[PDB]
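File shown here: my_file-v2.txt, holding compact mmCIF, C-alpha atoms.
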```
# COMPACT_ATOMS: atom_id res chain seq x y z
CA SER A 1 85.75 86.85 37.26
CA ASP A 2 84.44 90.32 38.09
CA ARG A 3 80.86 89.17 38.60
CA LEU A 4 78.70 86.57 40.32
CA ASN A 5 75.31 85.70 38.81
CA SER A 6 72.22 84.83 40.87
CA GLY A 7 71.84 81.12 41.56
CA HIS A 8 75.63 80.91 41.88
CA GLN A 9 78.06 81.12 44.77
CA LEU A 10 81.66 81.83 45.60
CA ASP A 11 83.26 78.96 47.48
CA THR A 12 85.52 79.67 50.45
CA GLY A 13 88.39 81.96 49.45
CA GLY A 14 86.59 82.62 46.17
CA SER A 15 86.51 86.17 44.88
CA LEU A 16 85.58 88.77 42.38
CA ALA A 17 88.57 90.60 40.98
CA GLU A 18 89.09 93.71 38.86
CA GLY A 19 92.66 94.94 38.52
CA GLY A 20 93.92 95.66 42.03
CA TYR A 21 90.45 95.25 43.56
CA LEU A 22 89.56 92.03 45.31
CA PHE A 23 86.18 91.17 46.83
CA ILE A 24 86.67 87.95 48.72
CA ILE A 25 84.75 85.65 51.05
CA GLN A 26 87.43 84.54 53.48
CA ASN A 27 87.97 81.35 55.43
CA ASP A 28 87.41 83.42 58.59
CA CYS A 29 83.91 84.24 57.20
CA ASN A 30 84.69 87.93 56.70
CA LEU A 31 83.54 89.35 53.39
CA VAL A 32 86.17 91.92 52.44
CA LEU A 33 86.96 94.42 49.71
CA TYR A 34 90.70 94.97 49.25
CA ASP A 35 92.15 97.88 47.33
CA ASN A 36 95.65 96.75 46.40
CA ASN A 37 95.86 94.62 49.58
CA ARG A 38 94.33 97.27 51.87
CA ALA A 39 90.92 96.44 53.40
CA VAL A 40 88.42 99.20 52.58
CA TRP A 41 85.11 97.46 53.35
CA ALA A 42 84.09 94.39 55.31
CA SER A 43 80.95 92.63 56.49
CA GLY A 44 82.65 92.38 59.89
CA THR A 45 81.79 88.70 60.27
CA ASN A 46 85.29 87.35 60.91
CA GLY A 47 85.14 84.55 63.46
CA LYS A 48 81.36 83.95 63.22
CA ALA A 49 82.13 80.57 61.67
CA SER A 50 84.60 79.16 59.14
CA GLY A 51 84.47 77.71 55.63
CA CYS A 52 81.95 80.31 54.48
CA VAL A 53 80.50 80.71 51.02
CA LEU A 54 78.89 83.72 49.37
CA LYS A 55 75.58 83.14 47.59
CA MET A 56 74.01 85.57 45.14
CA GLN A 57 70.39 84.43 45.45
CA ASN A 58 67.59 84.50 42.88
CA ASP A 59 65.55 86.71 45.21
CA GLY A 60 68.24 89.39 45.02
CA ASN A 61 69.61 88.70 48.50
CA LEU A 62 73.37 88.33 48.97
CA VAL A 63 74.06 85.92 51.77
CA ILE A 64 77.04 84.48 53.57
CA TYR A 65 76.52 80.84 54.61
CA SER A 66 78.63 78.39 56.56
CA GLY A 67 77.17 75.08 55.47
CA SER A 68 73.43 75.53 56.06
CA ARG A 69 73.79 78.34 58.65
CA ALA A 70 73.14 81.94 57.55
CA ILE A 71 75.79 84.38 58.80
CA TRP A 72 75.07 87.73 57.13
CA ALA A 73 72.86 89.14 54.38
CA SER A 74 72.53 92.28 52.28
CA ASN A 75 68.80 92.08 53.19
CA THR A 76 67.91 93.03 49.62
CA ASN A 77 65.52 90.10 49.12
CA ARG A 78 62.69 90.92 46.71
CA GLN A 79 60.91 89.09 43.87
CA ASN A 80 62.77 86.31 42.08
CA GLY A 81 64.64 87.33 38.96
CA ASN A 82 68.04 87.53 37.31
CA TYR A 83 70.48 89.53 39.40
CA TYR A 84 74.25 89.81 39.40
CA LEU A 85 76.89 91.06 41.79
CA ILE A 86 79.71 92.98 40.12
CA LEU A 87 83.01 94.51 41.19
CA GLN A 88 83.15 97.68 39.09
CA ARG A 89 86.17 99.47 37.68
CA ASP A 90 85.26 102.44 39.93
CA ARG A 91 85.70 100.10 42.95
CA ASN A 92 81.97 99.99 43.77
CA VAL A 93 80.53 96.53 44.40
CA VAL A 94 76.93 96.51 43.20
CA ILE A 95 74.01 94.12 42.70
CA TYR A 96 72.03 94.87 39.53
CA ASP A 97 68.82 93.58 38.07
CA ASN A 98 68.53 93.01 34.32
CA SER A 99 67.75 96.68 33.59
CA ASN A 100 70.76 98.63 34.94
CA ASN A 101 69.03 99.23 38.29
CA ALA A 102 71.23 98.91 41.37
CA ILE A 103 69.53 97.19 44.31
CA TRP A 104 72.56 97.15 46.63
CA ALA A 105 76.05 98.66 46.78
CA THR A 106 79.04 98.77 49.13
CA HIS A 107 79.38 102.47 48.22
CA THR A 108 83.11 102.02 47.81
CA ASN A 109 83.13 103.97 44.54
CA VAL A 110 86.14 106.23 44.04
CA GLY A 111 86.34 109.14 41.62
CA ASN A 112 82.58 109.73 41.24
```
Please render this file's structure as structure tokens.
Amino acid sequence: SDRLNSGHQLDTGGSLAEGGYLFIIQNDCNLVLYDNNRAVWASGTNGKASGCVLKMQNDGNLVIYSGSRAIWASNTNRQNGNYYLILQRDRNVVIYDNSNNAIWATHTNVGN
């Protein structure tokens, strides 16, 4: 899929995909955006642990966990609501609320 809804997670090696864009939580615990196999953005958390998952939380925070241990976060926690993470066709990876308001982005947009 191209999106991850709040209250849901990507398991290890799970990803968002849109054409040649791949946003993946890796087994090495690095969260990486690939543009046709070339890394263009990463959380830089390779080697912090293994078997990581990526959780889009109901408080709007995006968090990498290895089991119960927190590894990295977008730090965009706010009030509970419906949020989603999306890999856009312009290569930006964005968290939105329910009203077309971005609360976080990788700023990997191309062409705009």
Selection near residue A:66, 9 Å with only C-alpha atoms, sequence-local residues under 4 positions removed, as a PyMOL selection string: chain A and resi 29+49-54+70-71
Write out, as a CSV table (one decimal), keeping the file's coordinate frame, the residues just selected, with C-alpha atoms.
```
chain,number,residue,atom,x,y,z
A,29,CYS,CA,83.9,84.2,57.2
A,49,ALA,CA,82.1,80.6,61.7
A,50,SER,CA,84.6,79.2,59.1
A,51,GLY,CA,84.5,77.7,55.6
A,52,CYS,CA,82.0,80.3,54.5
A,53,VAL,CA,80.5,80.7,51.0
A,54,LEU,CA,78.9,83.7,49.4
A,70,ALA,CA,73.1,81.9,57.6
A,71,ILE,CA,75.8,84.4,58.8
```
Within 10 Å of stretch 14-22 of chain A: each stretch 26-98 of chain A residue with its shortest pair, all atoms listed in the file, as CSV:
```
residue,atom,partner,partner_atom,distance
A:26,CA,A:14,CA,7.6
A:27,CA,A:14,CA,9.4
A:31,CA,A:15,CA,9.6
A:32,CA,A:22,CA,7.9
A:33,CA,A:22,CA,5.6
A:34,CA,A:22,CA,5.0
A:35,CA,A:21,CA,4.9
A:36,CA,A:20,CA,4.8
A:37,CA,A:20,CA,7.9
A:38,CA,A:21,CA,9.4
A:39,CA,A:22,CA,9.3
A:52,CA,A:14,CA,9.8
A:53,CA,A:14,CA,8.0
A:54,CA,A:14,CA,8.4
A:85,CA,A:16,CA,9.0
A:86,CA,A:16,CA,7.6
A:87,CA,A:16,CA,6.4
A:88,CA,A:18,CA,7.1
A:89,CA,A:18,CA,6.6
A:90,CA,A:21,CA,9.6
A:91,CA,A:21,CA,6.8
A:92,CA,A:21,CA,9.7
A:93,CA,A:16,CA,9.5
```
Any chance you can output those residues with C-alpha atoms as an mmCIF file, keeping the file's coordinate frame?
```cif
data_model
loop_
_atom_site.group_PDB
_atom_site.id
_atom_site.type_symbol
_atom_site.label_atom_id
_atom_site.label_comp_id
_atom_site.auth_asym_id
_atom_site.auth_seq_id
_atom_site.Cartn_x
_atom_site.Cartn_y
_atom_site.Cartn_z
ATOM 1 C CA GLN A 26 87.430 84.540 53.480
ATOM 2 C CA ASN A 27 87.970 81.350 55.430
ATOM 3 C CA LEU A 31 83.540 89.350 53.390
ATOM 4 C CA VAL A 32 86.170 91.920 52.440
ATOM 5 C CA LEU A 33 86.960 94.420 49.710
ATOM 6 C CA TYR A 34 90.700 94.970 49.250
ATOM 7 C CA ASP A 35 92.150 97.880 47.330
ATOM 8 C CA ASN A 36 95.650 96.750 46.400
ATOM 9 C CA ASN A 37 95.860 94.620 49.580
ATOM 10 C CA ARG A 38 94.330 97.270 51.870
ATOM 11 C CA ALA A 39 90.920 96.440 53.400
ATOM 12 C CA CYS A 52 81.950 80.310 54.480
ATOM 13 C CA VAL A 53 80.500 80.710 51.020
ATOM 14 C CA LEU A 54 78.890 83.720 49.370
ATOM 15 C CA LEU A 85 76.890 91.060 41.790
ATOM 16 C CA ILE A 86 79.710 92.980 40.120
ATOM 17 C CA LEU A 87 83.010 94.510 41.190
ATOM 18 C CA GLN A 88 83.150 97.680 39.090
ATOM 19 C CA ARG A 89 86.170 99.470 37.680
ATOM 20 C CA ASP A 90 85.260 102.440 39.930
ATOM 21 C CA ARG A 91 85.700 100.100 42.950
ATOM 22 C CA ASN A 92 81.970 99.990 43.770
ATOM 23 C CA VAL A 93 80.530 96.530 44.400
#
```
Given the choices A:112, A:5, A:61, A:12, which gets closest to residue A:76 if the distance is worked out from all atoms listed in the file?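 For residue A:76, the nearest of the given residues is A:61.
Atom CA of residue A:58 is found 12.1 Å from atom CA of residue A:98.
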For residue A:80, find every residue with an atom within 9 Å (counting all atoms listed in the file), except residues of its own chain fewer than 3 positions away, and show them as a count of residues only. 6
Which of these residues is nearest to residue A:95, using only C-alpha atoms: A:64, A:56, A:10, A:42?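 Closest to residue A:95 of all the choices is A:56.
The two atoms in question, atom CA of residue A:2 and atom CA of residue A:84, are spaced 10.3 Å apart.
In this structure, atom CA of residue A:96 sits 27.7 Å away from atom CA of residue A:48.
If you measure from each of A:73, A:79, A:24, A:43 to residue A:3 using only C-alpha atoms, the closest one turns out to be A:24.
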Test item: axis-aligned box, all listed atoms of stretch 12-26 of chain A, 6 Å on each side, centre and edges in Å rounded to one decimal, as JSON:
```
{"center_x": 89.3, "center_y": 87.7, "center_z": 46.0, "size_x": 21.2, "size_y": 28.0, "size_z": 27.0}
```
Nearest to residue A:108, chosen from A:9, A:23, A:63, A:81, with all atoms listed in the file counted in the distances: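 Ranking A:9, A:23, A:63, A:81 by distance to residue A:108, first place goes to A:23.
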